[PDB]
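The form deposited in one PDB entry is given below as one chain in C-alpha cells.
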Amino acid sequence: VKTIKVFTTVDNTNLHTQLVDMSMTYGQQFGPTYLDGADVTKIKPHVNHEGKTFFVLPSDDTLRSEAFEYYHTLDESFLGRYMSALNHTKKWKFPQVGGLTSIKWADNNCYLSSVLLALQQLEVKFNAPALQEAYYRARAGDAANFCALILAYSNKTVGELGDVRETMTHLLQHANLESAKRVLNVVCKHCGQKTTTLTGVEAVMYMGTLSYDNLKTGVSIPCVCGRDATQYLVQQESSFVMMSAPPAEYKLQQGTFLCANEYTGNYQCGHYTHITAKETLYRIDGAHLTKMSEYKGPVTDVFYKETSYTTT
C-alpha cells in the first residue's frame, strides 16, 4: 500500500492533511476533487502531488462550517459550481487596460469585465472572505478566482450572456453595506409626511433613471391613500451609488460621474463596454482602450462617488 501525503481544503486556508492510497482515484477517497481548478476526481495520485493542496466538497461538519465561514453561502452546490467556473476563468486573460484589470473577450464575458472594472473603482468591502481575498487578487491582475466566484454567486455559468445590474445586485448582498443608508422624504397631499429609510443594497442602487440628481428632484410613488405622492433624496450615507435604467441615450461628462456601462445591440444579444473618468474619458472594451473628449451613447448604469450627503 503506497501512499503520499496531501492537503484537502474548502477555503485554501484551513488545510487538512490526508494520506491518499495511490491504488485508488481521488474521487474514491474524497468525493469530487480539484487541483488548481482542474477536476482530478477520476485520476489516481501522482508522485508529484506530494504536498499539494486539493479542493474537495464540504462533506463533514468541519468542512461545512469552514465553507460557510469562507463563502457565506448556504447553497451546497456552490463550491462545485465555483470550481466548474474556475476551470474556464483560469484560462482567461486579465490585461491592465487604463490602469485597471480588464478581461480579454472570451465566453460572452463582456458583461463581467464591466462588473470587474466597476468594482475596482468603488470603495467596497465584502462580507465573505472568499470574495474579499479574490477581490484583492483581481485588482493585482489575477482575477480568475474573483470572476468564477461572481458567476457562482450570481447563479450564472461560463458562456451565458448577462446583465451588469443583476450581477451587481447579487455581489453587493455579500458587501459590507450595514452603514449604507438612504433617507427618502415622502409626503402625500392627504396623509402628510413620512420618512422612508433604505439600508444595505437598496441604499446604494436604483432602477429607473441614470441621473443621481433626478433622485434629489423627485420620483413618483404609490401611496396607500390612493394618490401619487413624491419622494426624493434628503440624505445619503455610502461610499458610492449606482443608478440604472434600460438602455437610453445619455451624456457622460468628466467630473460628473465615477464610471458607467454602455450597452449596444439587441436586448437578446448586446455588447457592454465600460466608461471611466480619469484625466479624460476612457472606454474600456475588454483588452481595448479608447480615449474620448465627450461621450453620448446608450448607457444602462452610472456609478457616482459619495460619502455623506445631508439636507439636515
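So that the term is clear: the rigid core is the largest set of C-alpha atoms that superpose within 1.5 Å between two forms. Heads up: residue numbers just count along the shown sequence, starting at 1.
The same protein also exists as the form deposited in another entry; that form is not shown, yet it is the one meant from here on.
- When the two forms are overlaid on the rigid core, CA displacement between the shown form and the other one of 2 Å or more is confined, within 157, 108, 195, 77, to 195.
- After superposition on the rigid core, the Cα atom of residue 87 is displaced by less than 2 Å between the shown form and the other one.
- Fitting the two forms on the rigid core leaves the C-alpha of residue 96 displaced by under 2 angstroms between the shown form and the other one.
- Superposed on the core, the two forms barely differ at residue 125: its CA moves less than 2 Å between the shown form and the other one.
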